[PDB]
Every structure is written in structure tokens, then in C-alpha cells.
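Student: Chains as they are written, first to last, in the UniProt record's numbering: chain B, 391 to 439; chain Z, 148 to 171, 180 to 244; chain F, 353 to 402; chain S, 152 to 201. Once you've had a glance at the structure underneath, I'll fire off some questions.
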Amino acid sequence: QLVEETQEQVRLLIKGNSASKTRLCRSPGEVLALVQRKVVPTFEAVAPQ
Amino acid sequence: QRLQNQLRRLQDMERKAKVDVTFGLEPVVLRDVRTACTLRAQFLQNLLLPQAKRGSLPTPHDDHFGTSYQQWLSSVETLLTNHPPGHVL
Amino acid sequence: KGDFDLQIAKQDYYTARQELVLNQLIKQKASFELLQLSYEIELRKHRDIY
Amino acid sequence: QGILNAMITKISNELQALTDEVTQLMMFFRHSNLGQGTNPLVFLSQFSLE
Numbered sequence: 391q392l393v394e395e396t397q398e399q400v401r402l403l404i405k406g407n408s409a410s411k412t413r414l415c416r417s418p419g420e421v422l423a424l425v426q427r428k429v430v431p432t433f434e435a436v437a438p439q
Numbered sequence: 148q149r150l151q152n153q154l155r156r157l158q159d160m161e162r163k164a165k166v167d168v169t170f171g180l181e182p183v184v185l186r187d188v189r190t191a192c193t194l195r196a197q198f199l200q201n202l203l204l205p206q207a208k209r210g211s212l213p214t215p216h217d218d219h220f221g222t223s224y225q226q227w228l229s230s231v232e233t234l235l236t237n238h239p240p241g242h243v244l
Numbered sequence: 353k354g355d356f357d358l359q360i361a362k363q364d365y366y367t368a369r370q371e372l373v374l375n376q377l378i379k380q381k382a383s384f385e386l387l388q389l390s391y392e393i394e395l396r397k398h399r400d401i402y
Numbered sequence: 152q153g154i155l156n157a158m159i160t161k162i163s164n165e166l167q168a169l170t171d172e173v174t175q176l177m178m179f180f181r182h183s184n185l186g187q188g189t190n191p192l193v194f195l196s197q198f199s200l201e
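If you want it as C-alpha cells, here you go:
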């Protein structure tokens, strides 16, 4: 019973484990998309103002 | 003046990241990562403590959801503040 | 008794090593959660300074 | 008008100081190319996690 419940536990672990690597592969990407298009434009925009 | 003070505040995050703060030599980054991972490991172990294997009544560990998370947040705050992401990597 | 004891001596080993594998996955999940939380904190800092 | 021009010179010095602070703070957020440890390790999203 512990083995089958731990198989369910392994599924409940891997459902987040598989997603974590994928979202950390793209974790630089979306933050840099916010950087080069939203935050850094406001970083410049103070000085020409 | 307030944003100059903001500049003064934000000119120390990377400055504190520059120094390799080191407590036993093993840096504080490695010890803090190990301690924070130990706390998160306790959190996941309470998540993955087998309910049917528990001899007593099942304990809904929402206090372990909250207070252990806050202690983990304090440890992670210290870890990120004192250390750079590169040697974190 | 012998037939049960051989399999139980193997089953304690199975339980210990499978819990070791579980704790390895737990440590990996902890490290990934820490790294993702650091990314989220960096994103919040970026938005606040913005 | 002379005092006005002197104080506009003062405020222009203030604006140059503001632009100096802005330029000082650009290099932390234009730091997107962290492909090395030599460059200050500012943000984690500027790295490559591979």
C-alpha cells in the first residue's frame, strides 16, 4: 500500500518537476523581454525628459 | 531627493553581490542554499509524508505551509541579498 | 519465517532506497523552487523600479 | 534676469546630476549579456541556465 501510494506521490512530484525545468529554461527569456521592452525604456526615458 | 536615496539603496545590491561572503572556506551562499533547501525539503516531506502510513490521525500541516515558508523566505532573502546569481549558479 | 524474513530484509532495503530516491527528488524540487522564486523576486524588483 | 539665469544654471546642474544618476543605473539593467563571470553578476535572467 505504501508502494502504490508512493507511486502516486512520485506522480505528484513529477508533475511539478517536469514543469520546473521548462519554466526555468524560459525564465531568462520573459524577464529579458520585460527588460528590453518595458523597464529599460523607462530607464532611458527619465533622461530625455 | 527620494529617488537619489533610491539610487543609493539600489547601488548596494550588486555591491553586496560582488563580495564573496564566507562562513564556515564554504561561502554563506552554499550554507544558505543548503539550509533553505533543508527547510523546503521539510516542507515537501510534510507534503509527501504518507497519510495512510501515519498511525495517528492525519495532520493537515498548513502551519507548515505558512510558518516554514516564512522562515524559508527570510533565509532566501538573506541568501539573495548577500550573494550574486552567478555563484548561486 | 525464513521466506518472509528474506523478503522483509529486502523490503526494508527497498523502503530505505526508495525513500532515498524520494528525498533526492525532494531536494531537486527544493533547488528548482528556490531558483524560480529568485527569478520571481528579480521580476518583482524590475517591475517596482520600473 | 541675471539671478534667473544663475538659478536656471543651478537647475541645469541638477538635471545633469539626474541624467548622471540615470546613466549610472542603466548599466545594471542593460546588463543582459551575462555569458561570463567577469562581468558583474547582476541579474539572473541575464545568464544562461543551460
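Beta carbons are placed, not taken as given, at the ideal position from N, Cα and C, and that holds for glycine.
Cα separation between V168/Z and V421/B?
Tutor: 27 Å
Student: If you measure beta-carbon to beta-carbon, which residues of the segment 216 to 243 of chain Z are closer than 9 Å to chain B?
Tutor: In summary, no residue of the segment 216 to 243 of chain Z has a CB separated from any CB of chain B by less than 9 Å.
Student: For the segment 357 to 376 of chain F against the segment 229 to 239 of chain Z, do three or more pairs of beta-carbon atoms, one drawn from each stretch, fall closer than 8 Å, so that the two count as touching?
Tutor: Segments in contact, no.
Student: I'd like to know whether the C-beta of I378/F is nearer than 8 Å to at least one C-beta of chain Z.
Tutor: Contact with chain Z is found for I378/F, since one of that chain's Cβ atoms lies less than 8 Å from the residue's Cβ.
Student: Under 8 Å between C-beta atoms, does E392/F make it to chain A?
Tutor: Given the protein chain composition of this structure (B, Z, F and S), no chain A is represented.
Student: So, do the segment 381 to 397 of chain F and the segment 408 to 426 of chain B have three or more beta carbon pairs nearer to each other than 8 Å?
Tutor: yes
Student: Closest by CA to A437/B, which one among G188/S, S163/S and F194/S?
Tutor: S163/S
Student: Given this structure, state the Cα-to-Cα distance separating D217/Z from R186/Z, to the nearest angstrom.
Tutor: C-alpha separation (whole angstroms): 27 Å.
Student: For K362/F, go through chain Z and note every residue whose CB falls closer than 8 Å to its CB, in chain order.
Tutor: Near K362/F there are no residues of chain Z at all, since even the closest Cβ is about 19 Å away, more than 8 Å.
Student: Please list the partners that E172/S has in chain Z, where partner means a Cβ-to-Cβ separation under 7 Å.
Tutor: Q151 and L154
Student: Since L374/F contacts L203/Z with CB under 8 Å, what's their CB separation in whole angstroms?
Tutor: 7 Å
Student: Distance cutoff 8 Å, beta carbons only. Does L414/B sit that close to anything in chain F?
Tutor: By the rule that beta-carbons nearer than 8 Å mark a contact, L414/B touches chain F.
Student: Reducing DSSP to helix, strand and coil, say where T169/Z ends up.
Tutor: Residue state, collapsed to three classes: strand.
Student: Would the beta-carbon of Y402/F fall within 8 Å of that of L195/S?
Tutor: no
Student: At 8 Å on the CB atoms, spell out the chain S contacts of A164/Z, in chain order.
Tutor: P191, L192 and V193
Student: For a test of the three-state rule: what should DSSP assign to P182/Z, helix, strand or coil?
Tutor: strand
Student: Looking at the secondary structure, which residues open and close the alpha helix (DSSP H) in which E201/S lies?
Tutor: If you look at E201/S, you'll find it isn't in any alpha helix (DSSP H); DSSP assigns it neither H nor E.
Student: For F180/S, return the contacting residues in chain Z, with the cut-off set at a CB-CB distance below 7 Å.
Tutor: None at all; the shortest Cβ gap to chain Z is about 10 Å.
Student: By the three-class DSSP mapping on this structure, what secondary structure does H219/Z have?
Tutor: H219/Z falls in the helix class under three-state DSSP.
Student: For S196/S, return the contacting residues in chain F, with the cut-off set at a CB-CB distance below 7 Å.
Tutor: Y391 and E394
Student: Please go through the same chain and pick out, in chain order, the residues whose beta-carbon is closer than 6 Å to the beta-carbon of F198/S, but skip the five residues on each side of it.
Tutor: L185
Student: Nearest-angstrom Cα distance between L389/F and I154/S?
Tutor: In this model, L389/F and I154/S are separated by some 55 Å (Cα to Cα).
Student: Using a Cβ cut-off of 8 Å, which residues of the segment 365 to 377 of chain F contact any Cβ in chain Z, in chain order?
Tutor: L374 and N375
Student: For the alpha helix (DSSP H) containing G153/S, name the first residue and the last one.
Tutor: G153 to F180
Student: Check whether the Cβ atoms of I378/F and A196/Z lie closer than 8 Å to each other.
Tutor: yes
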